[PDB]
Each structure stands twice: as structure tokens, then as C-alpha cells.
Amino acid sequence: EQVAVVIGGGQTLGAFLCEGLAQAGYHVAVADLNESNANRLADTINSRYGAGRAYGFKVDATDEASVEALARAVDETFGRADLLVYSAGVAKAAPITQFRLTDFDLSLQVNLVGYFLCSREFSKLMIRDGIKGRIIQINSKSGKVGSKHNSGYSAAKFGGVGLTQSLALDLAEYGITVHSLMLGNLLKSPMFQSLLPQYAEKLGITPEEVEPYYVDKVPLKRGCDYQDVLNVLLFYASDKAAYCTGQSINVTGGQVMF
């Protein structure tokens, strides 16, 4: 009977996790800024796995009223919340010298303030109902090791780790655990694929040589795929990981061991 709320649910990784959770037997609130994508995914889940397994919702995670309204809506639809997945954030690269304040502010709003607001709202619902819940943030190796030309992304992602640990400490007395998943490069993803040019120029190499460059830094000699993320998420979300909380869990093929 568990309910999963996925912020950033309407596309790519977030959308897969939504389908993955549904396949695992959760009911899913697909929540996105693009309501049309949210509802289109919810219908696809329902076509694939049965009636009423998902519902689509609009939220701007950066806005307090919007977050409050989503939580009200989710409660009205499903009556409980068990698992919050927060998926958001896109790195915009520039040397510190030329990094815009608007971009830095955006990174902070989308990766930190939205994470805060969604966590605060859904933990309240978990507490109300005596639910030993789970909060899982999608994060990055960039939240473990500073990324050259990506100060806004690293600052925001490091910050995510700090928030995950404060939330874990605040929420432990209610049986809610909180983690951040520190993902390696989703090399075949549409986002990674579209930046192969930009990487080529930062690294001084050809677009076609970028994926081998990054593969070669991974001990297991391959990039991360969405199923790697889902599988880790599933375990940490489950009752079997009840004694783990506040962690930065690496999913990096061994590239990060700290």
C-alpha cells in the first residue's frame, strides 16, 4: 500500500524512477513543474501497470504555497505519503570569473530550497500518520568532490548533503530516514548526450572521445544507468535499510570511495 511522491517526475531519470516504483508496487504521485508531462507519465504508468497506480500533479518545488498545495492534493488522493524522492537540478558550467549570479541563485533554489520545502512538508504528513518514512535526494559526485567550472552545481549539491544529514538528525525520532544518492555520469542520458560538444571543448578533445574519457576514469569501466539508481533507491527506501540514515550513498562504479 505505500505511496511514493516523486518531485521532478515528469521526465528522464525522474520519470523512470516513477515507473520503477510503480513496478515495485508503490502508488505514485508524479509531481513536476510541467503538469502535462506529469499527467502524461501518470497515464502511461496506469496503461503499463494498472488502473489508479499513479496520479499527476503540478508543483513548483521552489514555492511554499505550491508545495503546501501538492501535499494537500496527495493526501486527498492517496491518504498517506511513505517515500519522498527529490529529483532536480542541472549543472550550468562557467569559470567562477564569468559565472552569473542568476545561475548561482537558480542552483540554490532548485537543489536546496526545493529539497527543504518538499522535505518539510512531506515529513509532516509522515509524522501525522506514524509512518516510518523515507526521503531520498538525487545528488551527484559533484556533491562529494568540487567540479571544475561548476561552482553553482557543487555548492548546491554539497549543500544537499548537509541538508540530508540535518534532516536525518531532526527526523530520526520519528523513524524517518533520509539519504542522498551520489550518482556518477549518466553517459547515455539525453542531458549528458547533448553536452558532448561543450565537454569536448572544456577537455580539448573531440565530441566522439568524451564518453571514452569518462568511462576510463570509472574502475568498473562503464557509465551509470537509470536502473543502477533505481536499485539503490529501492533498497534504501525499503524496510530492510531501517538502521541506515543521513548517508551520501555513492553510485559511481568505484570512482568515489570516500
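Heads up: residue numbers just count along the shown sequence, starting at 1.
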- Query: Given the B-factors recorded for C-alpha atoms, which segment has the greater mean, 77-85 or 90-98?
  - Reply: 90-98
- Would you mind comparing 207-215 and 27-35 for me and telling me which has the higher average C-alpha temperature factor in the entry? 207-215
- Task: Pick out which of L230, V67, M191, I45 has the highest C-alpha B-factor in the PDB entry.
- Result: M191
- Message: Using only the C-alpha B-factors in the record, can you name which of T177, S166, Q137, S151 has the highest?
- Response: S151
- Message: Per the entry's values, where does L106 land by CA temperature factor relative to the rest of its chain, in the lowest, middle or highest third?
- Response: highest
